[PDB]
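Trainee: So I've got this experimental structure, pasted below with the sequence.
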Amino acid sequence: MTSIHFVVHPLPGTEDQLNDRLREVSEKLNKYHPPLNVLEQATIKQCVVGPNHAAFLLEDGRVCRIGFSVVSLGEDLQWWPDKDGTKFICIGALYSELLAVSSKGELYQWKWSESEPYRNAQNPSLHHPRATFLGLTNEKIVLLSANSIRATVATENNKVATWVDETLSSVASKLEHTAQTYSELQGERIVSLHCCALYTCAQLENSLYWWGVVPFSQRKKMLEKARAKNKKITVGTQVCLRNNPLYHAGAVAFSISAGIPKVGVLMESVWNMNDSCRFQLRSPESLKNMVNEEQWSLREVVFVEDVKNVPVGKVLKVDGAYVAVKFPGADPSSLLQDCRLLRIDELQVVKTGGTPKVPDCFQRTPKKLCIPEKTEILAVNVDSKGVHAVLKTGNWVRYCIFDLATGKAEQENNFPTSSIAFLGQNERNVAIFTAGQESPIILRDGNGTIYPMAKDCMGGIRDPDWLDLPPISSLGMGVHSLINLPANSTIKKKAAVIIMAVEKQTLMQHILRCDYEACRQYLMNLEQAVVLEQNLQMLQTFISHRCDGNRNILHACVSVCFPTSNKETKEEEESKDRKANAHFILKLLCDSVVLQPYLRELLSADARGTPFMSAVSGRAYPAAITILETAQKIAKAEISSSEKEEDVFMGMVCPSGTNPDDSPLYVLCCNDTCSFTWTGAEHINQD
């Protein structure tokens, strides 16, 4: 019954703007595609988005795809054809293909442009052109992590296999891996696998490690010693000039502009490590055969070959301060044109294999990823600047981000809300979703709801502003560029496209929009439902469901009773309607015959510290009185459990662990009006 929703975040952007992109989706449900109607009736195990499409996975094992643009989508639901009894268990997203995984551990390919996924006559069992390349044919995989240009699969043999998209196959066997059992993961079993456009992270029971390119600062610091070492002689000596550019014209490289991978070569020498150059961008037809100029920032650009063949020449004649060195390209005229005469002080002796080498950032065996202590790992994801995670030590949850080039949590944050509310009903529901390409991060909750995130002036998690959304089933997202974008405009180059599934809650939503008629009409039907059958399921899921911020049915019925306008409250001596049904629903809920027995555990709870306490703190005083009256009534008849009168009643007014500043009496006196409401813009003498 999950409703699928779309949202677009124009990158580059801030954490704030995402919330406004997650607010109108809540507004739309509180206000009021045809091809996707049949998709809602079945649960979606996983959802991914490619360059111009979006893939879906169903509970039984079927896979489907859809195309969209910027969102407007066509009406074509091309199911994956499975004539044989083939069921799928995992799905990945690639810029070129919709690679899939069947019930058995062999992986398929459904390249976006092509209609039929994969047919091979000579090898009918083969469904991936590299399936025999990584040697996964005789084993089975249970993990899969696919990103814009990357993919990694792992077998029960603790064997991990990596490869890139076919648009980057020109420099395969450097990024990619043939697939063998490491000495990293041999100790603990693999529990999950994550990948991004630059590197892949594997999480173990008490360990995390990664392998791949490590650009940026770690890549940056390679040259301070390397340039110093290079800058710091007889006939027949292999000597080279002490000065040496970082990259000569001819190094191959690749980069991502707006989600479009482009492999390039440079036609000039890299002198400074912060300049930008116009690279050579080759047509895709000639990419696999193994000049335009578009400016490329050297920071993002990664050079994907190793220059171990730096020109070193053999000395043929030493004449005073000058040395005749013939670097790679007896008549004196022919020799002089090729052989170069250089000063002895500018030349340093070179051994065999001692020539300078480009960054060895292509990591195969990692270190510097340490969990603080024996702490359980909730969820882990990978972004453009680190590996996000949410850890836990007893009753202390946190949001630490490991900088892969450092070995320690770069910064530490504590959730402003109570950690016990983050755990929720099911602990494992917590998840962190990142697209990867400097994209924003959204993290889920214990109840499956979205926990809004933003920073404050001191650098910490700002106190959340609840978006009022139901729990989310699937939260796949990805980045795709703006096609047909005129170069003369200021509109952004790329955007992040996020999928959603709000999973629907009948009465939870019927109170969020203060519609009295639906709320009551639901109740006797429930009242007639709980009778004439003596047992069913919807009775006990009444308490189970939870809105944003660990708020139950009673909390939401209070969140709509908050005063909003000072009008009629001046007392100098349809918002107005919407508040009226808010009290009407609240009165109905308390006196309902069927729910009655469950108000004992309903009037005790959210993410900060009880429905009655939220009323006095939210300035809903008539709502607090009605809740207080019901609390007395419930406690009076409770005595049958052989417990005192005061403890049952006190659980619905001020629980034992409530902090001193959250008392209903103290909060009642604290609530006032700010000085601005009687002063104005002028200055007065006040504390």
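Mentor: All right, it came through fine. Residues are numbered from 1 along each chain as shown.

Trainee: got a list of what the residue nearest the centre of the chain touches?
Mentor: Centroid-nearest residue in the chain: residue 434, 1.7 Å away (criterion: Cα atoms, centre = their mean). Residues in contact with residue 434 (Cβ atoms under 8 Å, 6 or more residues apart in numbering) are 196, 381, 382, 383, 388, 440, 441. For the C-beta atoms, the positions are set from N, CA and C on the backbone; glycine is no exception.

Trainee: just residue 438 next, same as before
Mentor: Contacts of residue 438 (Cβ under 8 Å, 6+ apart): 11, 12, 383, 384, 385.

Trainee: how about it, phi and psi?
Mentor: phi 40, psi 30 (degrees, to the nearest 10).

Trainee: Also residue 141?
Mentor: Note on residue 141: its backbone torsions stand at phi -100, psi 150 [degrees, to the nearest 10].

Trainee: What separation do you get for it and residue 209?
Mentor: Separation of residue 141 from residue 209 (Cβ to Cβ, to the nearest Å) stands at 19 Å.

Trainee: Check the contacts of residue 438 for burial and list the buried ones.
Mentor: Among the contacts of residue 438, those scoring as buried are 11, 383, 384 (criterion: 16 or more other Cβ atoms under 10 Å).

Trainee: thought residue 142 was touching residue 157?
Mentor: No. Taking contacts as Cβ atoms under 8 Å, residue 142 lies outside contact range of residue 157: 10.8 Å.

Trainee: Show me which of the contacts of residue 434 is closest to residue 21.
Mentor: Distances from residue 21 to the contacts of residue 434, taken as Cβ to Cβ, are shortest for residue 440 (9.4 Å).

Trainee: if we can go back for a sec, mind checking which of the contacts of residue 434 are in strands?
Mentor: Judged by DSSP state E, the subset of the contacts of residue 434 located in strands is 381, 382, 383, 388, 441.

Trainee: Now for the first one: which residues touch it?
Mentor: Shown here is residue 381, whose contacts under the criterion Cβ under 8 Å, 6+ apart are 194, 387, 388, 389, 432, 433, 434, 441.

Trainee: Settle this for me: the first one is touching residue 146, isn't it.
Mentor: It refers to residue 194. No. Using Cβ under 8 Å as the test, residue 194 is too far from residue 146 to be in contact (10.5 Å).

Trainee: Name the nearest of the contacts of residue 438 relative to residue 129.
Mentor: Using Cβ to Cβ, residue 384 comes nearest to residue 129 of the contacts of residue 438, at 29.3 Å.

Trainee: you'd agree the closest one is up against residue 435?
Mentor: No. Look at residue 384 against residue 435 with Cβ under 8 Å: they stay out of range, at 9.2 Å.

Trainee: And the helices in the stretch 1-150 of the chain?
Mentor: With DSSP state H, counting those that start in this stretch as the criterion, the stretch 1-150 of the chain has helices at 15-31, 37-40.

Trainee: Summarise which helices and strands the last one is packed against.
Mentor: Packed against helix 37-40 by the contact rule (3 or more Cβ pairs under 8 Å, 6 or more residues apart in numbering; DSSP states H and E) you find no helix or strand.

Trainee: Output it as PDB, restricted to C-alpha atoms.
Mentor: The C-alpha atoms that make up helix 37-40 are tabulated as PDB, following Å, rounded to 0.1, in the frame of the first residue of the first chain:
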ATOM      1  CA  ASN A  37      -0.500   2.400  -9.600                       C
ATOM      2  CA  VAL A  38       0.100  -1.300 -10.000                       C
ATOM      3  CA  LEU A  39       3.500  -1.000  -8.400                       C
ATOM      4  CA  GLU A  40       2.100   0.300  -5.100                       C
END
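
Trainee: got a list of contacts for that helix?
Mentor: By Cβ under 8 Å, 6+ apart, helix 37-40 touches 1, 2, 3, 4, 56, 64, 77.

Trainee: next one: the first one
Mentor: Contacts of helix 15-31 with the rest of the structure, by Cβ under 8 Å, 6+ apart, involve 5, 7-9, 440, 442, 450, 452-455, 465, 467-470, 500, 502, 509, 512-513.

Trainee: Buried ones from those, can you make that a ChimeraX selection?
Mentor: In ChimeraX syntax, the buried subset of these is picked out as below (16+ other Cβ under 10 Å):
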select :5,7,9,440,442,450,452,453,467,468,469,470,500,502,509,512
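
Trainee: Tell me which of the contacts of helix 15-31 fall in helices.
Mentor: Cross-referencing those against helices under DSSP state H gives 509, 512.

Trainee: Would you mind saying which of the helices of the stretch 1-150 of the chain lies nearest residue 593?
Mentor: Of all the helices of the stretch 1-150 of the chain, it is helix 15-31 that lies closest to residue 593, at 28.6 Å by Cβ to Cβ.

Trainee: For the closest one, buried residues please.
Mentor: For helix 15-31, burial by neighbour count (16+ other Cβ under 10 Å) applies to 18, 19, 21, 22, 25, 26, 29.

Trainee: Counting neighbours, what do you get for residue 535?
Mentor: By other Cβ atoms under 10 Å, the residues close to residue 535 number 7.

Trainee: residues in contact with residue 189?
Mentor: Going by Cβ under 8 Å, 6+ apart, residue 189 touches 158, 204, 205.

Trainee: next one: phi and psi at the first one?
Mentor: For residue 158, the backbone dihedrals are phi 60, psi 40 (criterion: degrees, to the nearest 10).

Trainee: list the contacts for it?
Mentor: Contact partners of residue 158, counting by Cβ under 8 Å, 6+ apart, are 181, 182, 185, 186, 189, 190.

Trainee: What separation is there between residue 411 and residue 384?
Mentor: Applying Cβ to Cβ, the value for residue 411 to residue 384 is 16 Å.

Trainee: When residue 141 and residue 209 are compared, which one has more neighbours?
Mentor: The neighbour comparison of residue 141 against residue 209 (other Cβ under 10 Å) goes to residue 141, with 26 against 20.

Trainee: ok, the residue nearest to residue 67 when sequence neighbours are not counted to residue 76 distance?
Mentor: Ranked by Cβ to Cβ, 6 or more residues apart in numbering and with sequence neighbours excluded, the top spatial neighbour of residue 67 is residue 53, at 5.1 Å. Note on residue 53: its distance to residue 76, by Cβ to Cβ, is 11 Å.

Trainee: Helix or strand for residue 225, just tell me which one.
Mentor: Using DSSP states H and E, the element containing residue 225 is helix 222-231.

Trainee: contact partners of that helix?
Mentor: Helix 222-231 has contacts (Cβ under 8 Å, 6+ apart) with 242, 243, 244, 246, 273, 348, 356, 359, 360, 361.

Trainee: From the chain's centroid, how far away is that helix?
Mentor: The gap between the average C-alpha position of helix 222-231 and the chain average comes to 37 Å, counting by Cα atoms, centre = their mean, to the nearest Å.

Trainee: can you pull the buried residues of that helix?
Mentor: Across helix 222-231, burial judged by 16+ other Cβ under 10 Å covers 222, 223, 226, 227, 230.

Trainee: Kindly report the same for stretch 69-88.
Mentor: Buried-residue list, stretch 69-88, by 16+ other Cβ under 10 Å: 80, 86, 88.

Trainee: Can I get these in JSON lines including distance to residue 268?
Mentor: Output for these, formatted as JSON lines (distance: Cβ to Cβ, whole Å):
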{"residue": "80", "distance to residue 268": "47"}
{"residue": "86", "distance to residue 268": "52"}
{"residue": "88", "distance to residue 268": "48"}
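
Trainee: Please list the members of these that lie in strands.
Mentor: Mapping these onto strands (DSSP E) picks out residue 88.

Trainee: If anything else comes up later, I'll come back, but that's it for now.
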